[PDB]
S.K.: 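Let me give you the structure first, and then I'll get to my questions.
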Amino acid sequence: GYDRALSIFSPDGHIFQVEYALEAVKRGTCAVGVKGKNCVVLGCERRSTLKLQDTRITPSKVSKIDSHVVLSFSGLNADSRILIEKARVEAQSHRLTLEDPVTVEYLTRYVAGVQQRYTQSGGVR
Amino acid sequence: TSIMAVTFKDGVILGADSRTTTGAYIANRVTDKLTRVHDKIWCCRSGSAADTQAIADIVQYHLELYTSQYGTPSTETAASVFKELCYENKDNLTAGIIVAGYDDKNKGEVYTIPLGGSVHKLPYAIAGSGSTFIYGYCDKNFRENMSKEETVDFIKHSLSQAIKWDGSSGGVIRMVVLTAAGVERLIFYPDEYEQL
Amino acid sequence: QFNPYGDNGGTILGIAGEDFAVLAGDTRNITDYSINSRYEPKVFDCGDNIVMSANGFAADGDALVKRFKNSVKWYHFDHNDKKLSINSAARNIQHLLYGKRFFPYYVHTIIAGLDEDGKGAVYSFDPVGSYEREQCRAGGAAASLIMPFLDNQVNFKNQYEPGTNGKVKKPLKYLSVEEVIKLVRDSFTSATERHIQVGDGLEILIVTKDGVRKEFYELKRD
Amino acid sequence: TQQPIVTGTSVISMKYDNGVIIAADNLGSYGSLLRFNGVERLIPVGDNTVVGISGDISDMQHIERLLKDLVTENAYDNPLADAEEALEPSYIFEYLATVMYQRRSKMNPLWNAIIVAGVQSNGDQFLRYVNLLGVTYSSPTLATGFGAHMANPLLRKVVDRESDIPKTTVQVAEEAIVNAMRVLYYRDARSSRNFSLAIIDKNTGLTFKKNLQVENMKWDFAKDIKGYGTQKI
Amino acid sequence: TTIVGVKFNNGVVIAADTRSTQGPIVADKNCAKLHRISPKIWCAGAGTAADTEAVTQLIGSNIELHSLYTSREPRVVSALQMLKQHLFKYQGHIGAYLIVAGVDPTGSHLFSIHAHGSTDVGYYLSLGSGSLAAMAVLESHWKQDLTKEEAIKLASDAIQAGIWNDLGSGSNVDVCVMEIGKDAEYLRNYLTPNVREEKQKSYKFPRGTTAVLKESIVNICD
Amino acid sequence: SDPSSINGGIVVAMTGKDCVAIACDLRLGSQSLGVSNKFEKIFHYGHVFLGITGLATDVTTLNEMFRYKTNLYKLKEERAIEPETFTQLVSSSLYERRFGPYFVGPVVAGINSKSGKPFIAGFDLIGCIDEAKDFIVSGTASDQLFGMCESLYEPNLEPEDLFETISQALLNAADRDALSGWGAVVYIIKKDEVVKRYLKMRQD
Amino acid sequence: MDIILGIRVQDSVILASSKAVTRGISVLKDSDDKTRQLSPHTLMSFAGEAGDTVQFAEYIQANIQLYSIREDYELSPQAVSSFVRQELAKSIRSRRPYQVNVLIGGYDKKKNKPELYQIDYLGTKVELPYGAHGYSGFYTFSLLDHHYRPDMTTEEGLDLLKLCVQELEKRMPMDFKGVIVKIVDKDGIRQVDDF
Amino acid sequence: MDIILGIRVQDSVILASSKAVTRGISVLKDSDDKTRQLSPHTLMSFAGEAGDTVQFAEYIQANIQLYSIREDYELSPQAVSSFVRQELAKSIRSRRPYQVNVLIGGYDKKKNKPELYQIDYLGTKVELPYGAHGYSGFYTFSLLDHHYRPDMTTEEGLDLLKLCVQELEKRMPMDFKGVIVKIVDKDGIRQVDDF
Amino acid sequence: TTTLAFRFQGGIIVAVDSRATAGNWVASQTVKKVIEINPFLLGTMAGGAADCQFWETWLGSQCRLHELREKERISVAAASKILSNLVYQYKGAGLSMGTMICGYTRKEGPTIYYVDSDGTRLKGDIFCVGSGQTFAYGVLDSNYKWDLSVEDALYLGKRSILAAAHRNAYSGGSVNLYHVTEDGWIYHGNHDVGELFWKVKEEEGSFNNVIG
Ligand SMILES: *[C@@](C)(CO)[C@](*)(O)[C@H](CC(C)C)NC(=O)[C@H](Cc1ccccc1)NC(=O)[C@H](CC(C)C)NC(=O)[C@H](CCc1ccccc1)NC(=O)CN1CCOCC1
Ligand SMILES: *[C@@](C)(CO)[C@](*)(O)[C@H](CC(C)C)NC(=O)[C@H](Cc1ccccc1)NC(=O)[C@H](CC(C)C)NC(=O)[C@H](CCc1ccccc1)NC(=O)CN1CCOCC1
Ligand SMILES: *[C@@](C)(CO)[C@](*)(O)[C@H](CC(C)C)NC(=O)[C@H](Cc1ccccc1)NC(=O)[C@H](CC(C)C)NC(=O)[C@H](CCc1ccccc1)NC(=O)CN1CCOCC1
Ligand SMILES: [Cl-]
Ligand SMILES: [Mg+2]
Ligand SMILES: [Mg+2]
C-alpha cells in the first residue's frame with residue numbers, strides 16, 4: 001500500500017497540506033448558515049459562469065444526511081461526496097444500534113473525526 | 001497364541017506356546033494349550049480361552065460316552081465333534097482348534113478347524129496370531145515322514161520364531177508326542193529356544 | 001480420538017477468618033486407579049499475599065497458576081510496584097479463565113488472602129470464570145463430601161440455639177486459626193476415608209498480614 | 001489428532017542417595033508385531049541428564065532432534081557452555097513440558113510419556129515426568145505404561161518416601177530396577193528381554209549401560225502345570 | 001479389589017483386601033471378600049460384588065447337597081467345574097472373578113476363574129484392579145517349596161502392594177489358610193495397617209441443636 | 001432418564017449405645033418439579049425398619065412386597081422376623097431381579113430382640129449387602145451424607161445425642177442436593193420403644 | 001391429551017381436563033372428555049400417549065365395575081388407586097408399557113372425606129390436596145401453593161380452578177380449547193356445563 | 001414467530017402477523033409486532049429463527065433507508081423485493097444462514113398498483129395475490145383459493161382475512177395470540193387497531 | 001435460577017433468587033444475580049453463570065464509555081441492544097444467557113427489556129426468566145395489577161420468587177429485591193428462604209401442602 005506521510009509538520013509548526021486544503025475551501029463557492037429561533041437556514045452560492053446547466057439533475061449543494069439533518073459545504077465537490085456518504089452510513093448505523101437518530105453534534109463529531117483522520121494517515125491527503 | 005501340530009513317521013506331535021493375554025497384559029505365562037480329549041487324541045487351543053475350554057470339555061464328554069458304547073473313537077470322529085460344535089455355534093464362538101490324534105491303523109492325523117467351523121485334514125497345521133509369521137518358514141522346512149527328533153526341532157524352531165515376532169505369543173514351548181509307545185510331554189524354556 | 005483432558009484427582013479447601021485465611025489441599029496426584037505422586041503440591045504462594053490452587057486437570061491447573069503468577073509480575077511493572085489486591089486478582093483470573101471459554105481450563109480454582117481492610121478473603125471460580133467471595137469453599141474430587149460439613153461447622157447451618165424452639169439461629173462468629181486448622185484436618189481425614197482419590201498428605205497455606213506460613217500433615221496412603 | 005504406530009513400552013526410574021537411575025527396553029513394537037529390536041529409548045543430554053521416552057517412536061525421534069538442537073543452540077555465544085551455563089535437567093524438562101502442553105493445546109500431541117532423569121549443578125537429584133497431555137509430576141520413583149502398574153510398587157518398597165532416598169545406595173537401587181525389568185518381561189506382552197540402563201551420579205557422573213538382558217528367570221515350575229482344572233496328564 | 005492365592009508345602013493360602021468401592025467412593029472399609037464354599041474350600045472374589053457373593057453361595061449350596069448325596073468331602077475341581085459352567089452360560093454378564101482354593105481327598109489345589117468362564121492353574125495367582133501390583137510382588141519373591149509362614153507372608157505382602165499402590169484396594173488384609181489334614185483357619189483382619197487417626201475435635205452437638213416439628217411414639221408391637 | 005435420580009431422596013442410618021437411628025427426607029419430585037412433600041421412605045415390619053431411596057414406584061412396590069413376605073414369614077414361623085434375617089430376604093429378593101432390577105437403595109435398621117444388638121445394613125440395587133458398625137447412607141446426596149457421617153459420627157452415642165448427629169448429617173447433606181429435602185423424618189429406635197420426629201428444614 | 005388438573009377441597013374433589021385432541025398441525029376435536037367413571041363415587045382423568053389413554057382407562061373401568069357387581073359393594077378411592085397403581089407398575093416393565101398419567105378423584109363414603117390421587121405412568125402414587133400432570137403443574141402448583149386453603153368450599157375450589165385455567169390460557173404455548181370440569185362428592189359425580 | 005399472512009387486493013396489500021412470542025412452555029409476549037417499514041410505501045413481515053428475524057429485518061430496513069436518503073427517492077416494491085431476495089440468496093450459502101421467511105407488501109406509486117412478494121429463507125421469490133409462511137398456508141391457501149377475488153376492496157380483504165384467522169384459531173394447535181393487521185396503499189402504511 | 005421484573009404504577013420491581021447449581025449439586029446459595037450497571041440501570045442473570053457474569057459486567061463498561069463519549073446516560077434500549085447484538089455475534093457458539101435489562105431514563109421512563117442468548121430482544125411490562133420462570137409466573141400473573149402499591153409490589157415479587165424457590169429444585173437460597181424509580185434503583189434487602197418460607201406460611205396461611 002501507498003504509505004507516504006503527505007501531511008507533516010514544517011519548521012514553523014504548520015501542516016502545509018492541511019493549510020493548502022483550506023485554500024481549496026477559500027476557492028470554493030460561498031456557503032452560509034444562519035439559525036433563527038425555531039429554524040436553521042442554509043444558503044449557498046452557485047457561480048454563473050456555467051450556463052446551459054441542467055438544474056434538475058445537477059448535484060444540489062445542500063445534502064440530506066438523515067431526515068432531520070442536512071450538510072452543505074465549500075471546497076472540492078468530489079471530496080464532499082465521500083464525507084456525505086460516510087455520514088449517511090453512520091446515521092443509519094446509529095439508528096440501528098442506539099434505536100435513535102443521531103444528534104447534530106454527534107454527526108458533526110463523526111464527520112470532523114473523518115477529516116482529522118486524513119490529516120495524520122499515511123498515503124492520503 | 002502360537003500353536004501347531006505335525007504328523008511324522010511314528011505318529012504326530014502337538015506344539016504350543018504358553019502365553020495368555022488380556023490386551024497387552026499377560027494373565028498367564030505358563031498356560032497349557034495342549035489338552036486331552038481322549039487317551040491319544042489331543043488338541044491345540046487358540047482364540048477365546050473360555051470358548052476353547054468349554055468346547056474341549058464337551059468334546060471330552062462326547063468321546064468318553066462314545067468309548068463306553070462303541071470303543072475307541074477315530075481322530076476323524078473327534079474332529080467331527082469339534083466341527084459340529086464350532087460350526088453350529090459359529091456366531092457365538094471365537095475358537096481356532098487343531099485336532100491331532102494317533103490311531104494304529106491310520107497312524108498320525110492332523111485336522112484344523114478355523115473360526116468358520118470348516119474342517120481341513122493336513123500333514124501339518126499352524127494356527128493362532130503368531131502363526132502368520134512362520135507360514136514362509138514352515139512351508140520351506142516341512143517334510144513328510146520326519147523322525148521324532150527332526151519333528152521336535154521343526155516345531156521348536158517354528159514356534160521360536162512365532163514367539164520372537166508375535167507379542168501375543170511367549171513363555172515356554174510345550175509339546176505333546178503321540179505315538180504307539182504312548183503319550184510324552186515335552187517342555188522347552190526361553191534360555192534354550194530364544195537363541196536358536 | 002485424542003482426548004485433551006484428564007482427571008488428576010485431589011481436593012482443595014479454603015476457609016477465611018477475621019484477620020487470616022487458609023488454603024488447604026491434599027498432595028496426592030492420580031490418573032485412573034494409579035498414584036502418580038504422594039507429594040505433588042498444588043497450593044502456591046503467588047506473591048502479594050495471595051495463595052492459589054487450581055484443582056482438576058493438573059496440566060490446565062499448572063498453566064493457569066503459571067499465567068496468574070506472571071500476571072502479578074507484569075502488574076508490578078506496569079503500575080509502579082502496586083500491590084495486587086485480592087479482589088483485583090479475582091477479576092483478573094476471571095478473564096484468564098473466560099479467555100478460554102470455548103476450550104476451557106478443566107479446573108476448580110480457589111484463591112485466598114486478605115482484603116484491603118485486612119480481613120480474611122476466599123474467592124472460588126468455576127472452570128470458565130464465574131467467581132464469588134465466600135467465607136468457605138471446598139473444591140475438587142471430595143468437594144461434595146467436605147462442603148456440607150463446612151456449611152454446618154463454619155457457617156453454623158441447620159444449628160439452632162438449644163431450648164429456643166428452633167426459632168433463634170446459632171450466631172455467626174469468626175473462628176480462630178487453631179479452630180480452622182482442626183476443621184481442615186478433620187475434613188481431609190474424613191474425605192480420605194471415603195474417597196479413593198484423596199490421601200497421602202495434607203498441605204495447608206495460612207495467610208496473615210505477616211506473610212504466608214505452611215503446615216504439613218500425613219494422611220492415609222491406601 | 002494422531003494414533004501411535006511404532007511404539008515403545010515402559011520407562012522406569014528411581015532416585016537414590018547420590019543420584020538417579022533410569023531404564024527402558026530396546027523394543028519398537030508395531031501393534032502386536034515386535035517389529036524393531038535395536039531401538040534406544042534413553043537419550044543423554046550433556047553429561048548430567050538422561051531423557052527416557054515411551055510411546056510413538058516417530059515422535060521420539062522428533063524429540064531427539066529437538067534435544068540435539070537445544071545443545072547446539074545453548075553453545076552459541078556461550079563461553080561457559082561446558083561449565084556454569086551448561087544445560088541443566090530442569091531446563092531440559094521445562095522445555096519439553098512446554099512443548100508437550102503446547103502440542104496438546106493445538107490438538108496435535110506428541111504421543112509420548114517422558115521421564116527426565118538427571119543431577120543438577122548443586123548436586124540435587126532431578127526426576128520428573130511429562131506426557132502427551134502436558135501433565136507433569138515428580139516422585140522418588142517414576143514409571144510409564146505397565147511400569148506404573150508393576151514397577152512402581154516394587155521400587156516404592158525400596159524408596160517409599162523422601163527420607164528413604166539417603167538410605168538407598170546405588171547397588172540396592174540398580175538391583176530393584178533390574179528386578180522390575182524382569183517382572184515387566186514376564187507380564188508385559190509388548191516388552192523385550194534386551195534393555196538399556198543409565199545412572200547419573202553427582203560424583204561418578206553419567207554411566208550409560210547398553211545391551212543388558214533380563215536373567216535369573218523362574219520358568220521351571222511350568223512343567224508341573226497340566227491342563228486348566230481337572231486334567232491329570 | 002486385590003486378591004491373591006499362594007500354594008505351599010502342605011496346602012494353599014488365599015488373601016484379599018477389604019475395600020468396597022462405589023465409583024470413586026469407598027462404600028465399605030472392611031468388607032469380607034473371602035468366601036466359604038465348603039469347610040475346606042474357600043474362595044476369594046473380585047469384580048461385581050453381588051455376583052461374586054451370589055455365585056459363590058449358589059455353588060456352595062449345590063456342593064453341600066452333592067457332598068451329602070455322595071457321602072464324600074467335596075473337591076475343589078467340582079466347585080471349579082460348577083462355577084465355570086455357570087459363568088460361561090451367562091457369557092460374562094455375571095461379573096465374578098474368583099480365586100478358588102482348598103484341600104480335599106485328592107490334595108491341595110489353587111485355581112482362578114474369570115467372568116466369561118475360563119479357568120487357570122498355578123502356584124501363585126492374583127485377580128482384581130490391584131492384581132498387577134500384587135503380581136509384581138509375587139513374581140519378585142515367590143519360590144518353589146514355600147512353608148506355611150512364608151506363604152502367608154508372601155500373600156499378605158502381595159495384598160499390601162495392592163492396598164498401597166492401587167486406588168481400587170485398601171484398608172485391611174484378610175487371609176485363609178487351608179492345610180492338608182487340618183481344619184482351615186480363616187484369619188479375618190489378619191493385618192490392619194490403615195487405622196483411622198484420632199480426630200482433632202469431637203463433633204458431639206449440644207442437645208437441642210436440631211429444630212424439631214413433631215414427636216410421636218411408634219408402635220412396633222402387635 | 002436415570003431412574004435413580006428422577007424422583008430424588010435420601011436415607012441414612014446410624015448405630016448408638018443400645019439403639020439405632022434411621023432417617024429420611026420427604027421430597028418426591030419429577031426432575032426439577034417438586035410434587036410431594038409427604039413422601040416417606042422409611043417403613044417397618046414388626047420391629048425391623050426399612051428405608052428405601054431411588055425410583056419411587058419401586059420404593060412403593062418393594063414396601064408392599066416385603067410386607068407381603070414378612071406377613072407370611074410371621075404366620076409360618078410364629079414370630080417376628082429379625083434384622084439379620086430380613087437383610088438376607090432383601091438381598092435374595094433384589095438379586096432375583098438381577099437382569100431387570102428395582103432401581104433402589106434400601107437400608108435396613110433395627111435391634112435384634114433376642115441378643116439386643118443394634119443392627120444396620122445397606123444394599124445396592126441388585127442386592128449386595130453392605131453391613132456396617134457405624135452408619136449406612138443412600139440416595140441422591142449419598143456423597144454429601146458420606147462426608148457428613150464420616151466427620152460427625154462417633155461410637156456409642158446415647159439416643160438423645162445420636163438424634164442430633166443423624167439429623168445434622170441428613171439436613172446439611174440435603175441442603176447441598178437439589179433433589180433432596182422438602183422435610184425430614186428421624187426414627188430413634190430403642191429395645192422396646194421407638195420415637196419418630198419430624199425435622200424443621202429449609203423448604204427450597 | 002395435555003392438561004389434567006385436580007383439586008381436593010373440604011367436601012369434594014374437582015377434576016379439570018382439557019378438551020383438545022390434536023394430531024400434527026390439526027385440532028381434530030375440541031369437546032373431548034378425558035375421564036371415565038370407575039364407580040358412582042370415583043372418577044379418573046387421564047393424559048398421555050394416543051390410544052393408550054382410553055384403552056387403559058376403560059380397562060380399569062371394566063375391572064372396577066366387575067368388582068362392584070361381584071361383591072355388590074363400592075371399592076374405596078384408596079383401594080381403587082392402589083389397584084390402578086399396581087396395573088401401571090406391572091405395565092412399566094412390560095414389552096410395551098401404557099404411557100398414561102392419571103388423576104383419581106373420589107369420595108370415601110365410610111370416612112366421609114374427598115380424596116385425590118396422582119399416579120404417573122411409572123406407577124408413582126401420591127395423595128395430594130391438589131395435583132396436575134404434564135407441563136400444567138409448572139404453573140398451577142406454585143399458584144395453588146399461594147391461593148389454596150384446606151377448608152375451602154366447592155364454589156371456592158371452582159374459582160381457584162378458574163384462576164389456574166386463566167393462567168394456563170395466558171402462558172401455555174398450545175391452545176387446549178378450555179376444560180371439562182367435574183365434581184366428586186357424597187352425592188356422586190356431576191359435570192359443570194358452563195365453564 | 002409463526003403466522004404471517006398477506007393478501008393483495010384491488011388498491012392495497014394487507015399483512016397479518018401473529019402477536020405471540022413463545023420460548024419453551026412460556027408465552028413471553030402477546031403483543032409482538034413482526035414487521036418493519038422499509039419505506040413509506042413498503043412493509044415487510046417476517047418469521048423464523050429467534051434473533052435472526054429481527055436482526056435481518058432491521059438490516060434490510062437500514063439499507064433501504066440509506067438508499068432513500070442517498071437518491072432522495074423511494075425504491076419500488078419490486079426493486080426492494082429483489083434486493084431482499086439477493087441478500088437471502090447470499091445468506092443460504094454462508095457459514096450461518098439467516099433462517100428468516102418474509103412477506104413484502106408494497107404499493108408501487110409509478111404503476112399505481114399494490115404488490116405482494118413471498119420470499120423464503122432460501123431466497124425463493126414469488127409475486128402472489130395472497131401468501132403465507134409456515135403451517136398457516138396449509139389452511140389459508142385453499143380457503144383463499146375459494147373466497148378470494150382480484151377486484152376486492154380493502155374492507156372485503158379484511159373480512160377475507162378474518163375468515164383466515166378464525167380458521168387458524170379453530171384448527172391450529174398453538175395459541176398465537178391473534179394478529180396485528182397493517183394496510184399498505186397509495187397513502188402509505190397504517191395499522192388496524194381493532195382486530 | 002428464577003428471576004423476574006415487572007412494571008407498575010410506582011416503577012419497576014426486580015426480584016431474583018440466589019442459588020447456583022452444577023447438575024443436582026447445589027454449588028452456592030449466595031449468588032448475586034442482579035448486576036448494578038449504574039444508579040439507573042440493573043441487569044438480571046439466568047443461565048450460564050460465567051456467561052451472564054462476564055458479559056453483563058462488560059456491558060457496564062460499555063455503558064460507562066457511552067456517557068463519557070456522549071455526556072449523557074445510556075438509554076435502557078441502547079444498553080439492552082449492545083448486549084443483544086453482542087450475544088448475536090456468538091449465536092451458535094453455545095452461550096447460555098437469559099437476562100433482563102431494567103432501568104429508568106427521562107425519554108423512556110421505566111423500561112424492561114428481555115434479552116437472551118439466541119438473539120431475542122423484547123420490550124415488555126412483565127417477564128420471568130430461568131428454569132423456575134413458570135412457577136413465578138403462576139403467582140405473579142394471578143396477583144398482578146398495574147395499581148399495586150410499592151409495598152404490595154415488593155411483596156408480590158418476593159412471594160413469586162419464594163413460590164419458585166419452593167417448587168423448582170434448581171431455585172432457592174435467598175431472595176434479592178430491588179425497586180427502580182425515577183430517582184434510580186433502591187435495594188430492598190436479602191431475604192433467606194430458610195426463614196422467609198415459615199414466616200410467609202404462618203402470616204399468610206399459605207403453603208398448606210407442607211407439613212406445618
Ligand atoms: C493367543 C493369545 C492369540 O491367538 C492365543 O490364542 C490365546 C489362546 C489360549 C488362551 C487358549 N488366547 C488368549 O489368550 C485370549 C485372547 C483373546 C482375547 C479376547 C478374545 C479372543 C481371544 N485371551 C483370553 O481369552 C483372555 C483370558 C483371560 C485373561 C483369562 N480373556 C479375555 O481377554 C476376555 C475375553 C472376552 C471375550 C471377548 C471376545 C470373545 C470371547 C470372550 N476379555 C477381556 O477380559 C476383556 N479385557 C478385560 C479388561 O478390559 C480390557 C479387555
Ligand atoms: C475392588 C474394590 C474393585 O475392583 C473389588 O473388585 C471389589 C470386589 C469385592 C467387594 C467383592 N468390587 C467392588 O467393590 C465393586 C466394584 C464394581 C462396581 C461396579 C461394577 C462392577 C464392580 N463394587 C460393587 O459392586 C458395588 C457394591 C456396593 C457398593 C456394595 N456396587 C455398585 O457399585 C453398584 C453396581 C451394580 C452393578 C449392576 C449391574 C452391573 C454391574 C454392577 N452400583 C450402584 O449401586 C449405583 N446405583 C446408585 C443409585 O441406586 C441404584 C444403584
Ligand atoms: C438456575 C440455577 C438454573 O440454572 C440459574 O440459572 C443459575 C444462574 C446464575 C448462577 C447466574 N444458573 C446456574 O447455576 C448454572 C446452571 C448452568 C450450568 C451449566 C450450564 C448452564 C447453566 N450454573 C453454572 O453455570 C455453574 C455455576 C458454578 C457452579 C458456580 N457452573 C457450571 O456448571 C460449570 C461451568 C459450565 C460451563 C459452561 C460453559 C462451558 C463450560 C462449562 N461447570 C462446572 O463447574 C463443571 N463441574 C461441576 C461439578 O464439579 C465438577 C466440575
Ligand atoms: Cl486356557
Ligand atoms: Mg490403595
Ligand atoms: Mg428449590
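One-based numbering, in listed order, for ligands and for the atoms of each. Here is how names work: the chains are called A, B, and so on, in the same order as the sequence lines, proteins then strands, and each is numbered from 1.
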S.K.: Atom 51 (C) of ligand 3: which protein heavy atom is closest, and how many Å away?
M.R.: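 Nearest neighbour among protein heavy atoms for atom 51 (C) of ligand 3, to 0.1 Å: C:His108 CE1, 3.2 Å.
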S.K.: Compare B:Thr1, B:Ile97, B:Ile26, B:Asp166 and give the one whose heavy atom is closest to atom 3 (C) of ligand 1.
M.R.: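 Of the listed residues, B:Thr1 has the closest heavy atom.
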S.K.: Can you tell which of C:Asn55, C:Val128, I:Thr2, I:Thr1 gets a heavy atom nearest to atom 1 (C) of ligand 3?
M.R.: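 Residue with the shortest heavy-atom distance to the ligand atom: I:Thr1.
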S.K.: For atom 30 (C) of ligand 1, which of B:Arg45, B:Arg19, E:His114 has the closest heavy atom?
M.R.: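 Looking at heavy atoms only, E:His114 sits closest to atom 30 (C) of ligand 1.
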S.K.: Side chains of I:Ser174 and I:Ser18: donor-acceptor distance under 3.5 Å anywhere?
M.R.: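 There is such a pair (donor and acceptor under 3.5 Å, judged by atom type) between the side chains of I:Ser174 and I:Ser18.
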S.K.: Nearest heavy atom to atom 15 (C) of ligand 1: which of B:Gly47, B:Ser48, B:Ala24 does it belong to?
M.R.: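 The nearest heavy atom belongs to B:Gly47.
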S.K.: Could you find the nearest protein heavy atom to atom 20 (C) of ligand 3 and give me its residue, atom name and distance?
M.R.: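 The answer is I:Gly48 CA, 4.6 Å.
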S.K.: Among all protein heavy atoms, pick the one closest to atom 43 (N) of ligand 1 and tell me residue, atom and distance.
M.R.: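 Ranked first by proximity to atom 43 (N) of ligand 1 is B:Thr22 CG2, 4.7 Å.
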S.K.: Give, rounded to 10 degrees, the angle between O (I:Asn168) and O (F:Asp204) as seen from the Mg ion (ligand 6).
M.R.: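 That angle works out to 160° after rounding to 10°.
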S.K.: Can you tell me if C:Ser130 has a non-hydrogen atom under 4.0 Å from ligand 3?
M.R.: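 Yes; C:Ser130 lies near enough to ligand 3 that a heavy-atom distance drops under 4.0 Å.
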S.K.: Fit a plane to each ring of C:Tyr123 and C:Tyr131, take the angle between them on a 0 to 90° scale, and name the class: parallel (under 30°), tilted (30 to 60°) or perpendicular (over 60°).
M.R.: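 Because their plane-to-plane angle lies in the 30° to 60° range, the rings of C:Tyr123 and C:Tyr131 count as tilted.
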S.K.: Should C:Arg101 be listed as contacting ligand 3, given a heavy-atom distance under 4.0 Å as the test?
M.R.: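 Yes; C:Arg101 lies near enough to ligand 3 that a heavy-atom distance drops under 4.0 Å.
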S.K.: Begin with the C-alpha distance, continue with both residues' side-chain angles, and end with the deciding distance and a verdict on side chain to side chain donor-acceptor pair (under 3.5 Å) for B:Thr1 and B:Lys33.
M.R.: CA-CA 9 Å; B:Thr1 306; B:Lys33 306 180 187 195; 2.7 Å; yes
S.K.: Minimum distance, heavy atoms only, to atom 25 (O) of ligand 1: which one of B:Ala16, D:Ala189, B:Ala49 is it?
M.R.: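 Result: the heavy atom closest to atom 25 (O) of ligand 1 is in B:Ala49.
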S.K.: Suppose we call two aromatic rings close when their centres sit under 6.0 Å apart. Are I:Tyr90 and I:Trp55 close by that rule?
M.R.: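 Yes, the ring of I:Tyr90 comes within the 6.0 Å limit of the ring of I:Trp55, centre to centre.
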S.K.: Would you say atom 9 (C) of ligand 3 has a protein heavy atom nearer than 4.0 Å?
M.R.: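 Yes, at least one protein heavy atom sits under 4.0 Å from atom 9 (C) of ligand 3.
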S.K.: Which atoms of ligand 1 sit under 4.0 Å from any heavy atom of E:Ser118?
M.R.: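 Reading through ligand 1 atom by atom, the close ones are 30 (C).
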S.K.: Tell me, which protein residue and heavy-atom name are nearest atom 23 (N) of ligand 3, and how many Å apart are they?
M.R.: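 Sorting protein heavy atoms by distance from atom 23 (N) of ligand 3 puts I:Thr21 O, 2.9 Å first.
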S.K.: Would you say I:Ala27 and ligand 3 have an N/O pair spaced under 3.5 Å apart?
M.R.: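 For ligand 3, there is no N or O atom that lies under 3.5 Å from one belonging to I:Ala27.
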S.K.: With respect to I:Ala49, determine whether any N or O atom, backbone or side chain, lies less than 3.5 Å from an N or O atom of ligand 3.
M.R.: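 Indeed, backbone or side chain, I:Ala49 has an N or O that close.
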S.K.: Which option out of C:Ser124, I:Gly47, I:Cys52, I:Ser28 puts a heavy atom nearest to atom 12 (N) of ligand 3?
M.R.: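 Among C:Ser124, I:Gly47, I:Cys52, I:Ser28, the closest heavy atom to atom 12 (N) of ligand 3 comes from I:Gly47.
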